[PDB]
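Read off the chains here:
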Amino acid sequence: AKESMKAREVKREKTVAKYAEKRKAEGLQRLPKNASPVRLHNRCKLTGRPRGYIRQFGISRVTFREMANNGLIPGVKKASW
Amino acid sequence: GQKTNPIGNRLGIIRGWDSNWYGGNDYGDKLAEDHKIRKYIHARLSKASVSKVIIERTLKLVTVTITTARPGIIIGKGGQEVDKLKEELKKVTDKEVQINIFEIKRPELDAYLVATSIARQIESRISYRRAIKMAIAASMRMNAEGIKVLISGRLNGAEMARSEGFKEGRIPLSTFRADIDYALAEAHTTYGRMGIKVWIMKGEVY
Amino acid sequence: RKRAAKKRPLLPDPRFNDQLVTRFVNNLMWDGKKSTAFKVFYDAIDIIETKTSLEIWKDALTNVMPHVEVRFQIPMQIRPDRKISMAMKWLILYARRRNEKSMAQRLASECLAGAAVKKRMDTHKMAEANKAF
RNA sequence: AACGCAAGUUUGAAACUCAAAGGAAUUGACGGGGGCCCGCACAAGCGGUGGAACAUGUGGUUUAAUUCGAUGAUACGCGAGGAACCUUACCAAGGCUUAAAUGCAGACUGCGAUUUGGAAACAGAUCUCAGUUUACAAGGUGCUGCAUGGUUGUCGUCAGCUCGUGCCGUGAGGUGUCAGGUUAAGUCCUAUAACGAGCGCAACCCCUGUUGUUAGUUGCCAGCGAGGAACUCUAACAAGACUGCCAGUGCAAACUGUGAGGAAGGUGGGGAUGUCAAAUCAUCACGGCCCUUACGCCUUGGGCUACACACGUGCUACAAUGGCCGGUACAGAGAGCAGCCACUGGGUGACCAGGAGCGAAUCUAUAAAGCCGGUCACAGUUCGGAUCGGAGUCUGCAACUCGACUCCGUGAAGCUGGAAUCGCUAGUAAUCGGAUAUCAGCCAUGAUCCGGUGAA
């Protein structure tokens, strides 16, 4: 969750912006090995915390719980059935 | 920590949501921007003692309706006092942005203005003993029968933590139909960080 | 402090329209399978047609009904109804030790009226010893 | 020293050491003291664990590293709800110092393709929001949860915990909260130096269990006909359960049975939760200490999978109420352009190519157990599934360390498991299948749910 480690994700995301037509055209691949979609781990996008992630809200479980409790996500309620 | 948030289990009930925007699976950056706008507003104008930021993220628009404790210094003269704030937050979130400043009805009953005022008195280090009763009296002058202010450890520059009840009246937290608003604001002193929790019970809603 | 009981009412079976056959197949069930238990019971009672009908089975179910159980190891009567659950449980428990081929085959112990009466005899012999209590 | 046969009796110091010994009463705690109650707590019944092989977790031993934390109940299929690189915080070796990101400060202007050294990071050339000095911050998953904020487990969904006024006691304190009934309850009646109040309980909320109205799109198919507004359905509003009805007990609450009803006596299940210096300074913030040629930073390769042993949590099998080849049915919820695939062609198969429909009551995703028929006719077997060799498919730059699946070989331990221990009172246990979450693929037998059959 360090600043360097969370900025590494942004650097890799900015690196995988080009080469979108190069990787689309088992050989002929001399790349910086960072322009691949297999190295993009998803963070919490506020704190930058791995080990728990929801694609819908894009944040970790602890931030999701705290915001859903203190009314920051429209729609969430207390599930009961 | 063995108590649920009082406004947490009240959303499908009398308590509503702060933000207002329906996006199917697209919370993402629309949530990151809503998280940054509130903190940017609270850091840019804190001397007005803001109460809440109703963020309405509809199509091609974002309304930033601000409920303060002092709208005079926010509107300012002629509107250029809002001009810089608006160009700032709009170039932070480069989209079509509108602002609406709301006036306050008895600012001593907001469950957050009380907390931030007590925190400011604490970090100003006057007595730590007059602020809680000041807030209690200024809140119980009027209605909202229940008020409960609880404070956390690191008190009076001591070594071990301790908590004080300091409550009076009636605050039925076990009743979903009670209209208990609450907001936690804490003071960053030199002996650490002191936490404040304010519950306000106005009355049953229907 | 259980304060109540409900006895769990039952419903009869199509064949033989009897209420004891339902209890028997309920004690026969395994992993919640009633159809195959009914099938096995029907095959068993049809194999028993060598020698009458399920009458001989229900009368053999009587020889496994104890009248006193030990539970300072004091003897006492069980109940007017738990007798026909101990009898069924003992029959079904000791019919699974017979080294036959199928379950319907090894269930041919109703004609042994054979590891079923031995239990009742041992219970009576252990209850008549502690009769001074 | 006196007395006595003796045991011993009477009289009776000091040196030295501590700031305490002691009596009465009060609150709590405890008792192998008593009384009244509750909880799958015990008694009864069912299924397990401990026996066997496999998967993860942990201790222990080695390693350059085997990242860190919890190591009774409240840790051990936990944080972690996806370890090939990435995550990664650790190790070995190459490249950096005001910084690999972010604010600033003072200048100098209007992203791409090509070429060399390379394992990359980075250096040296063409070319056409970006590039470069100076002093600034910055940074640390560094150390203490026994300095903390916040956020949880536990007693515990147990019924308890207090306050205002008034009286008793010199005082700590007592009363209200005790006594008798009542049940899930400090939930209520009766009297009582008590009268009231607050937190808690209950009610107020969600789903399910019947009926009516509002409306029929992409629910649905009853009557005529070749298109319908009755039902299911969806989602809004209402009724219905209040021991209210009928019998006995009681000043009263209130239990014991019957009748009606879809329901009973809180219909059932959930969200609600009023000391242990308990878990986290590794979600986040933070007081104090330490390093800044760095314990800071970008890379490649490796480790987190190491293995003589152990304890915990799981799956499967130990068989014929079973296996196999065949026929035949019955779902629910949830998901789908970070995709679901109808259909056709190739291949035993995973899968590949072509190619509709669908950003969702519209289109796709084909259930098992069950039923019928034949075989096996009892043992290491036509049960079992570990281990190993060869040949393929998919993802990804990369499948050896360390992915999954298919395929042809093969049949190891296992024939109901020792004291000891675990869960369960009704759609419950047991058993079978399906879906979701992390998503390039995946260890998924873990976690969260749903549906079927269904007990004692």
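Per the deposition metadata, cryo-EM was the technique used to determine this entry, at a resolution of 2.8 Å.

When helices and strands are counted, chain B shows five helices and eight strands. Secondary structure elements of chain B occur, N-terminal to C-terminal, as α-β-β-α-α-β-β-α-α-β-β-β-β. Over its C-alpha trace chain B gives a radius of gyration of 19 Å, about what one expects of a compact globule, namely 17 Å for 206 residues. The principal-axis extent of the C-alpha atoms belonging to chain B is close to 50 × 40 × 35 Å. Restricting to contacts in chain B with at least 6 residues of sequence separation, those with at least 24 account for 60%.

To continue, consider the UniProt feature "domain: KH type-2" (unreviewed entry) in chain B. The residues that UniProt annotates with the feature "domain: KH type-2" (unreviewed entry) are residues 37–105 of chain B. In the segment residues 37–105 of chain B, helix accounts for 36% and strand for 22%; the C-alpha atoms at its two ends are 25 Å apart.

Attention now moves to the arrangement of the chains. At the level of C-alpha atoms, the two units chain A and chain C stay apart, their nearest approach being 27 Å. Across all C-alpha pairs, the smallest distance from chain B to chain C is 31 Å, and the two are not in contact.

Here the focus is a positive patch on the surface. Taken together, the side chains of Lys 7, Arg 71, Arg 79, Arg 82 and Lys 89 of chain C make up a positively charged region of the molecular surface. Position of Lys 7 of chain C among the secondary structure elements: in the segment before α1 (19–28).

Before going further, it helps to examine the sheet that holds strand β5 (residues 146–151) of chain B. All names here are of chain B. As summarised here, the arrangement of the four strands in space is β6-β5-β8-β7, forming an open sheet in which the pairing is antiparallel. Both edges of this open sheet fall to β6 (167–168) and β7 (180–184), since each of them pairs with a single strand only. Across the sheet, helix α4 (residues 113–124) is in contact with β5, β7 and β8 (196–201); its angle to β8 comes to roughly 145°. Across the sheet, helix α5 (residues 130–140) touches β5 and β6, and the angle it forms with β5 is around 165°.

Scanning the entire structure with this criterion turns up seven salt bridges over all chains. One salt bridge connects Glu 186 of chain B with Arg 193 of chain B, and the closest N-O pair in it is separated by 2.4 Å. With a relative accessible area of 29%, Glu 186 of chain B lands in the partly exposed category. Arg 23 of chain C is the salt-bridge partner of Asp 81 of chain C, the closest N and O atoms lying 3.8 Å from each other.

Looking now at the interface of chain A and chain B. Every contact between the two is made by 18 residues of chain A and, on the other side, 18 residues of chain B. The residue makeup of the side of chain A that touches chain B, split by class, is nine nonpolar, five polar and four charged.

Moving on, we come to the environment of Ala 113 of chain C. Structurally, the position occupied by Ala 113 of chain C is in the loop between α5 (103–106) and α6 (117–127). Considering only alpha carbons, one finds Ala 113 of chain C and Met 76 of chain C, 37 residues apart in sequence, at a separation of 25 Å.

Glancing now at the packing of helix α1 (residues 28–44) of chain B against helix α3 (residues 80–92) of chain B. Helix-helix packing is described using two parameters, namely the angle between the two axes and the distance between the axes. All names here are of chain B. Taken N-terminus to C-terminus, the directions of α1 and α3 make an angle of 150°; their axes are 11 Å apart at the nearest point. Between α1 and α3, the angle is such that the two are roughly antiparallel. Crossing of α1 against α3: the hand is right-handed. Here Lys 36, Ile 37, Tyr 40, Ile 41 and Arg 44 of α1 lie close against α3, whose contacting residues are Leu 85, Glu 88, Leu 89 and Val 92. By residue class, the composition of the contact of α1 with α3 is six nonpolar, no polar and three charged.

Parameters and conventions
- Residues numbered from 1 in each chain as written, not as in the entry; some residues may be left out.
- Chains lettered and ligands numbered in written order.
- Part of a larger assembly, values for the part shown.
- Heavy atoms only, no water.
- Residues with missing side-chain atoms left out of burial classes, pairs and counts.
- Helix = DSSP H or I, 4+ residues; strand = E, 2+ residues; numbered from the N terminus.
- Rg over C-alpha atoms; globule rule 2.2 N^0.38 Å.
- Contact = heavy atoms within 4.5 Å.
- UniProt positions renumbered as here; feature names shortened; annotations may be inferred.
- Patch = residues over 30% accessible without salt bridge, like charges linked within 9 Å, V, L, I, M, F, W, Y side chains within 5 Å.
- Areas by Shrake-Rupley, 256 points an atom, 1.4 Å probe, with all protein chains shown as cover.
- Salt bridge = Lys/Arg side-chain N within 4 Å of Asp/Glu carboxyl O.
- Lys, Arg positive; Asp, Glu negative; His and termini not counted.
- Charge placed at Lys NZ, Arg CZ, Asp CG, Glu CD.
- Pairing = 2+ DSSP bridges.
- Axes fitted to C-alpha atoms, helices over the stretch in contact; angles between N-to-C directions.
- Buried < 20%, exposed > 50% of the residue type's maximum accessible area, 1.4 Å probe, protein only.
- Nonpolar A, V, L, I, M, F, W, Y, C, P; charged D, E, K, R; others polar.
- Parallel < 35°, antiparallel > 145°, perpendicular 65-115°, else oblique.
- Left-handed = near helix turned anticlockwise from the far one by under 90°.

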